[PDB]
Structures are given as C-alpha cells and as structure tokens.
Amino acid sequence: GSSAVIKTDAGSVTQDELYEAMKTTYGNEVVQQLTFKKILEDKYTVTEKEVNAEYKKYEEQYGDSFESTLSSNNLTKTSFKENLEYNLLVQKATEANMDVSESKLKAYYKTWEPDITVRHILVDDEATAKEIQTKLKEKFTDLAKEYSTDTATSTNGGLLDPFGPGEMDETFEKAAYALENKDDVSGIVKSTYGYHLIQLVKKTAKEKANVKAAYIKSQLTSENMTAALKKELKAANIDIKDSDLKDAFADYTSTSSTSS
Amino acid sequence: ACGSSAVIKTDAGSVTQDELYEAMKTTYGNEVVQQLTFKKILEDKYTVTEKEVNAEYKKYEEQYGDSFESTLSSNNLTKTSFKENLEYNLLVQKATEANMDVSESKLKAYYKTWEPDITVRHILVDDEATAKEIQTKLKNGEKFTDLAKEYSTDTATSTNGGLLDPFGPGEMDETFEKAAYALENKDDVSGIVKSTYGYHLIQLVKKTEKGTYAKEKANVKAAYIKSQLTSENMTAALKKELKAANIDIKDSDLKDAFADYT
C-alpha cells in the first residue's frame, strides 16, 4: 500500500497512511458492522425488493430534498441502500427473538393508541403565547407562520406528522391526545423546546393486525437489538486477527446493552 | 493478493484488510484524506512548535474542566487524536495569519475597540421572573456567591460562586460582554442580561483600564490576529494553499475530498 492516493509537492499520501489513519478512529466501528453484516446475511434473507420497498418510503417523503438530505448526512443513494440493508438484517435478527404470542398482543392492546395528527405553534416564553392565547379575539394557521419559531412547520401552518405514544415528547403528547374534535385548540404546553399551542386535525373490533405491526415496532429497542446481536455474535465463533481491533465488540460483551 | 489477510475470522467467513479499507474509505475516506493532505502541505510551509500545541491542549482541558473527557468521547476522540487535531488546527491558523493584514493602521484601529481581560461572576437562570427574585434577595442582603450556588444553572461555575475565567472582547456572547464591561467597580452587579443561554446577573471581580497603544500594542496584535481566525478566513486560506499546492488525486474514489475548497 505504498502507492499514492494523492500526490503533492510535499510528498505523497499513500494507501497505507490513509488506511491506518482511518483505522485508528473508525476501524473498530466499521469492522464491527462488516462482521455483523456477514454473520447475519448468512442466517437471514434480505431480498433486493425488500431493500427497494424500504428505499421508496424515504424517497417519497423527501421529494425534491431527497438527494440533498443524503449529502447532508454523508450519504450517497447506494451507501444509503447499504445502510437500509444492514438495518433490515439487524431487524430480522431482533424479530427472530421476539415472542409474538396472542397473550402479549392482547396485553399490548390495552396500552396502545393509534397515531394522532396535530398542528402546533412554538414560542420562547409564556407571555408571547399569552398574546397568542388572546389572539383569537382568528385563524390558527395564520398565526403559526406569524409567530412559530419552528422553521420545519411554520410555513405549513404548523402541521406535524402523525405520531404515537412514547414516540414523541411526553408533555406535548399528553396535551395532544387530550384534544377532542377537529381544529379545537390546547392550552399552553411547556416542553424542552419552549411553549406550545396545539390544534387537532385527525384522531381515530380490535382491528389488531395494525397492533401486531405496532408491537413489533415497539420491540425494536436498542436493548433487544443488542441482545439479539450478542446471540448471533456468540454463535459465529469469531476470531480477531488484528490486535488493534480487539475491542471492536465492546458494546456486545458486557452484561449491559453498551460499553463503558 | 493485496490486503487479502483476514482482520477477523468467523464461521461465516473472513473480513479482510482490503474490505475494511474499502468500507472505511467509502464513509470516512474523503474527510480523513483531506486532513492528511493539508497537514502534509502545511507542515512544509509553516512552523508549529510542540510548545504551542501543549499550550492549546491545556487551554481546552481546563476550559472544559470536568466535562473534558465526556465531550471528547461524544465527538469520537481520544486525548491523543484530539491533540493531533489541535496540531492540525494550528497549522491552519498559521496559513490564515500569513493571509492577514497586520499593518499599524489596522492594529491602531483595532486598539480603539480592544479592552484588557475582565473577570466577573454570573448567575444563569431559565426566565426573567427568577432573575427578578434574585435581584430582590440581593437588595435584602443575601450574598451573590451564595445565590449563584443556589440558583445558577451553569454547572461549570455555580459551585464556585459563579466565577468565570478572564475574557476579552469577542470571546463571549456580545450582550453578555457589553453588560460586563459596563460595570464600573468591584462588586457592582448588572441588571438582567438576556443571552442565547438564558437570563444573567453579572458581578464584577476585576477590571483594568486600557493603557496607551504603545504599552498595549503586543496585546492588541495578539487579540487582533485571534479575532481574524474566523471560519471564513481559515476557509479562504486553505483554498489558496490548496490551489498553490497543485495536488494530483490518484484514487478516483477520493476525487471530491476537497469539494469545499475548490
């Protein structure tokens, strides 16, 4: 690896120098993923279509901004394709370790709620909201672009994505689900971000097959994923040949779900 | 045959050196090779002493204090890798200084705004009502340092009565800085200050009156150069150094490693 990847008047940067510079900082993290990818692809099938179906989901939402968001996260489409594939493999290994018995699903059903869609207005302090609180004296969407410091939603009347329980900020959501009918509005909520006002747009047999999807969703925790990978790692009988990389799997060799 | 050696063996097959190289390069190759390349070009032209790097290392280490190690790990750094980045950053600083106008007219003009370092204490709180409460306790005879330990959400300084390190102009939030230098005498306390972080009260500990330019010029020069080490100027300097280096990229995977500088 004495070959030059870059030449300068001051000398060359070689393959060797680039390899070792990268390895020192990123070697453990990358070799871990390469290792898991191999052992998992051996046991679990991911089809090119499965990767495509996942890919398109993301591709639709972002529209014009798709390619732009990849670059901002240091991704190409193909490198993104690879990451979706890796995530699916881990997802499969985690699901293989899930107990999806009727009793668990029936038990999960009582706590579960469907997704909720709202608008909101974000401001720095309660008095400004109080100005907004009295502001009706008129349209919620109009005052959102007028006052909301949430640049992601301000232009769009403060419209939020659909979201479920546990999945968004606790205080915000309590207030959201308390909403009753189309377009009626909350009191002032104080979150980590600031003070909010929230407006409802959409709320909704067991209708359970959705819950099955939701339960599996909720079980894709970092703990369960780590637990699943520990089992796979153990069954693979790995031997680390490069002693620089001996600590590459530290996050998977403790009684906890992480290193330190 | 090159890099065919296994770095890891598994029942499912081996991952080789080459595969690790190529995988790292895809994600981290551009950023790492950019730094290696600039370091080599800059090392050739500009002198950095170990004395400088150590002084910089100590600066940051004390500055972050207890939270030092935690912030390194969060940025995927060791002490060793961090020290290397400081050396690299200093090289970039040298190239930027070489691009600076440090003429007497610039310095004398900078002198007008410049001040010697100032030492203050402060109390940081979430809202104005809390600050007003503290202002009333101060009037009623409670101690500023006591109220810092009781109220201040600035964990870095709250235990020590809210004492901050000495700082000059430009180094802090502008609003904070104006309010601090506006204080006249030792133990004077500010009105409510509103920064990006929250609401402050500030107490003066030490202030020094600016001397003549002749007496202060070496201080003024150091501060001026420092104020010119902006992200804009450093970027400009690296563009200029890169163009002058006439580099030749051999690995087409890395063709865009310097996109921000061409």
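Protein chains in written order, with the entry's author numbering: chain B, 23 to 159, 162 to 228, 234 to 289; chain A, 21 to 282.
Ideal Cβ positions, reconstructed from N, Cα and C, are used throughout, including at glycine.
Give a yes or no on whether 8 Å exceeds the smallest Cβ distance from residue i to chain A.
{"i": "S101(B)", "result": "yes"}
{"i": "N95(B)", "result": "no"}
{"i": "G190(B)", "result": "no"}
{"i": "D174(B)", "result": "no"}
{"i": "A265(B)", "result": "yes"}
{"i": "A32(B)", "result": "yes"}
{"i": "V145(B)", "result": "no"}
{"i": "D207(B)", "result": "no"}
{"i": "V53(B)", "result": "yes"}
{"i": "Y108(B)", "result": "no"}
{"i": "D193(B)", "result": "no"}
{"i": "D185(B)", "result": "no"}
{"i": "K29(B)", "result": "yes"}
{"i": "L274(B)", "result": "yes"}
{"i": "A26(B)", "result": "yes"}
{"i": "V225(B)", "result": "no"}
With a 10 Å radius around its C-beta and 16 neighbouring C-beta atoms as the bar for buried, classify residue i as buried or exposed.
{"i": "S272(B)", "result": "exposed"}
{"i": "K45(A)", "result": "buried"}
{"i": "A279(A)", "result": "exposed"}
{"i": "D174(B)", "result": "buried"}
{"i": "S288(B)", "result": "exposed"}
{"i": "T179(A)", "result": "exposed"}
{"i": "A32(A)", "result": "buried"}
{"i": "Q83(A)", "result": "exposed"}
{"i": "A149(B)", "result": "exposed"}
{"i": "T250(B)", "result": "exposed"}
{"i": "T57(A)", "result": "buried"}
{"i": "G49(B)", "result": "buried"}
{"i": "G231(A)", "result": "exposed"}
{"i": "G85(A)", "result": "exposed"}
{"i": "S172(A)", "result": "buried"}
{"i": "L158(B)", "result": "exposed"}
{"i": "residue 20(B)", "result": "No answer is possible for residue 20(B): it lies beyond the span of chain B, which begins at 23 and ends at 289."}
{"i": "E194(B)", "result": "exposed"}
{"i": "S94(A)", "result": "exposed"}
{"i": "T156(A)", "result": "exposed"}
{"i": "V112(B)", "result": "buried"}
{"i": "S210(A)", "result": "buried"}
{"i": "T69(A)", "result": "exposed"}
Between residue i and chain B, is any beta-carbon pair separated by less than 8 Å?
{"i": "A43(A)", "result": "yes"}
{"i": "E39(A)", "result": "yes"}
{"i": "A115(A)", "result": "no"}
{"i": "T67(A)", "result": "no"}
{"i": "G182(A)", "result": "no"}
{"i": "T282(A)", "result": "no"}
{"i": "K270(A)", "result": "yes"}
{"i": "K260(A)", "result": "no"}
{"i": "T47(A)", "result": "yes"}
Taking residue i as the reference, give the member of the options with the closest Cα.
{"i": "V73(A)", "options": "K132(A), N105(A) and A202(A)", "result": "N105(A)"}
{"i": "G190(A)", "options": "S25(A), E39(A), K78(A) and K246(A)", "result": "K246(A)"}
{"i": "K103(B)", "options": "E135(B), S285(B) and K79(B)", "result": "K79(B)"}
{"i": "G188(A)", "options": "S25(A), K235(A) and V140(A)", "result": "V140(A)"}
{"i": "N253(A)", "options": "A168(A), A115(A) and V122(A)", "result": "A115(A)"}
{"i": "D146(A)", "options": "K226(A), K214(A), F88(A) and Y131(A)", "result": "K214(A)"}
{"i": "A265(A)", "options": "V27(A), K59(A) and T232(A)", "result": "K59(A)"}
{"i": "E135(B)", "options": "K227(B), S283(B), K275(B) and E42(B)", "result": "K227(B)"}
{"i": "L274(A)", "options": "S34(A), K230(A) and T47(A)", "result": "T47(A)"}
{"i": "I143(A)", "options": "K157(A), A129(A), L127(A) and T165(A)", "result": "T165(A)"}
{"i": "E229(A)", "options": "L203(A), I222(A) and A242(A)", "result": "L203(A)"}
{"i": "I212(A)", "options": "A199(A), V52(A) and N205(A)", "result": "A199(A)"}
{"i": "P186(B)", "options": "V225(B), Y219(B) and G218(B)", "result": "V225(B)"}
{"i": "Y130(A)", "options": "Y244(A), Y281(A) and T255(A)", "result": "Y244(A)"}
{"i": "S123(B)", "options": "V240(B), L262(B), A256(B) and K259(B)", "result": "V240(B)"}
{"i": "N119(B)", "options": "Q55(B), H220(B) and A256(B)", "result": "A256(B)"}
{"i": "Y41(A)", "options": "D208(A), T30(A), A26(A) and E81(A)", "result": "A26(A)"}
Would you kindly report the start and end of the unbroken beta strand (DSSP E) that includes residue i?
{"i": "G33(B)", "result": "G33 to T36"}
{"i": "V145(B)", "result": "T139 to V145"}
{"i": "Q223(B)", "result": "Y219 to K226"}
{"i": "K78(B)", "result": "Counting along the chain, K78(B) falls outside any beta strand (DSSP E), though it belongs to the alpha helix (DSSP H) covering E70 to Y84."}
Taking 7 Å as the cut-off, is the CB of residue i close to at least one heavy atom of the ligand ADP?
{"i": "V225(B)", "result": "Among the ligands in the structure shown, none appear at all, so the ligand ADP cannot be discussed."}
What residue does the alpha helix (DSSP H) around residue i start on, and which one ends it?
{"i": "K132(B)", "result": "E124 to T133"}
{"i": "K169(B)", "result": "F164 to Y171"}
{"i": "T150(B)", "result": "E148 to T156"}
{"i": "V112(B)", "result": "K99 to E117"}
{"i": "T255(B)", "result": "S251 to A264"}
{"i": "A26(A)", "result": "Premise fails: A26(A) lies in the beta strand (DSSP E), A26 to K29, not in any alpha helix (DSSP H)."}
{"i": "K275(A)", "result": "It is not in any alpha helix (DSSP H) - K275(A) carries neither H nor E in the DSSP assignment."}
{"i": "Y281(A)", "result": "Taken as a continuous stretch (DSSP letters only), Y281(A) belongs to no alpha helix (DSSP H), as it is neither H nor E."}
{"i": "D64(A)", "result": "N50 to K65"}
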